[PDB]
Amino acid sequence: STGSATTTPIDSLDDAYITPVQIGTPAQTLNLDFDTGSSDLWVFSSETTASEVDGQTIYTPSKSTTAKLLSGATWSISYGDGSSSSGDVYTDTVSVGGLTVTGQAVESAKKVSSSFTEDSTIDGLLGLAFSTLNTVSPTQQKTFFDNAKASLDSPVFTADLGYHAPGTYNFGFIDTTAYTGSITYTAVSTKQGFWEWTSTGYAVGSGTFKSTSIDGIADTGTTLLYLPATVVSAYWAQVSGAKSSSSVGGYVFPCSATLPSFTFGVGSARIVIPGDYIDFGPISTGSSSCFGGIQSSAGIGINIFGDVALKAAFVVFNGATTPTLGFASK
């Protein structure tokens, strides 16, 4: 089997992407944030504290004839950005772009943190990291991909995120018309539960490529590109007036600037992030100070190849017995 679903930016800055997901019988369609950096499929629901729901579409398990309470199971997750959610668990039928999993754990939120409430466009998350990170207790549950894998034509999914435009998540096949040149594959460590890999280096604008190993995660659920302070400093040094602002919480730059591109290495291959992808607009409405899309990972504890990097590529998440990651230009 295969599936194919369009993923759409939630706003004009590409802060995140939502993909429609069918849950239950009859289908209840929710728009979920596909997150290769976590492993829980959780939704706003009829059980969510009412004051914490503000515009989201909810899953109502009592209206699904295929929903079954997973007795005794709870979940609770905290994300790198400080947000969180928790609740109980149902199993139900979940379909993405024509690909159906029966008995998928659907984690129903009883509580969500303010950042989730305040984002009316995201109805939940669909985790696509390794199932070892799943938070369901006392019996850990599998991700949608993990459940689908054996039935897929090929044990893969691909992320093709758009810049200020829709893109695609495909399951079970590689669309050879969706990228240019070749896909370069690179090794993955699953030791921390992530799609963790090592970039071979970077360039800033038309500058020379610096060969240096950068270990990080391919994370569709993180907006920006978080890299070591040395790398980030070298980038922003090429932008007149750019500076790190502790009050704002990262590098900012004059909105009148033209940003240079940023290249990252995948083996001997190179992915070029155009400068415009690195512009996240005014820090506050009407400001002429703009927020940068490349930020330091110092104090995160891990480098994160988030949407800024991933949307510059066609990305293969290969869930073969030994997982690998593939990157192509597009």
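Position 1 is the first residue of the sequence; numbering continues from there.
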Donor-acceptor contacts under 3.5 Å from residues 211-219 side chains, at least two apart:
{"from": "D219", "atom 1": "OD1", "to": "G37", "atom 2": "N", "distance (Å)": "3.3"}
{"from": "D219", "atom 1": "OD1", "to": "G221", "atom 2": "N", "distance (Å)": "2.9"}
{"from": "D219", "atom 1": "OD2", "to": "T222", "atom 2": "OG1", "distance (Å)": "2.7"}

Next item on the list: Indicate yes or no for a side-chain donor-acceptor contact from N134 to the backbone of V136 under 3.5 Å, with no hydrogens or angles considered.
Entry: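 Present.
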
Check: Taking only residues two or more places apart in sequence or in another chain, which ones pass side-chain hydrogen bond (donor to acceptor under 3.5 Å, both in side chains) with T258?
Finding: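 With sequence neighbours excluded, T258 shows a side-chain hydrogen bond (donor to acceptor under 3.5 Å, both in side chains) to no residue whatsoever.
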
Using a distance-only test with no angle check, is there a side-chain donor-acceptor pair under 3.5 angstrom linking [X] and [Y]?
X    : Y    : answer
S131 : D146 : yes
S62  : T60  : no
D153 : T2   : no
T66  : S64  : yes
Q22  : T29  : yes
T177 : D175 : yes
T121 : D119 : yes

Margin query: Would you call the rings of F171 and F34 parallel, tilted or perpendicular, taking 30° and 60° as the class edges?
Written below: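 Rings of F171 and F34: perpendicular, over 60°.
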
Would you tabulate the side-chain donor-acceptor contacts of residues 307-314 under 3.5 Å, counting partners in other chains and residues two or more places apart, or write 'none'?
{"from": "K311", "atom 1": "NZ", "to": "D14", "atom 2": "OD2", "distance (Å)": "2.8"}

Next item on the list: Inspect the surroundings of NZ in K210 and state if more than 12 heavy atoms from other residues, nucleotides or ligands are less than 6.0 Å away.
Entry: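 12 or below, so no.
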
Margin query: Are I302 and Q192 packed together at the side-chain level, in the sense that at least one heavy-atom pair is separated by less than 4.5 angstrom?
Written below: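 With C-beta onward as the side chain, the pair touches.
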
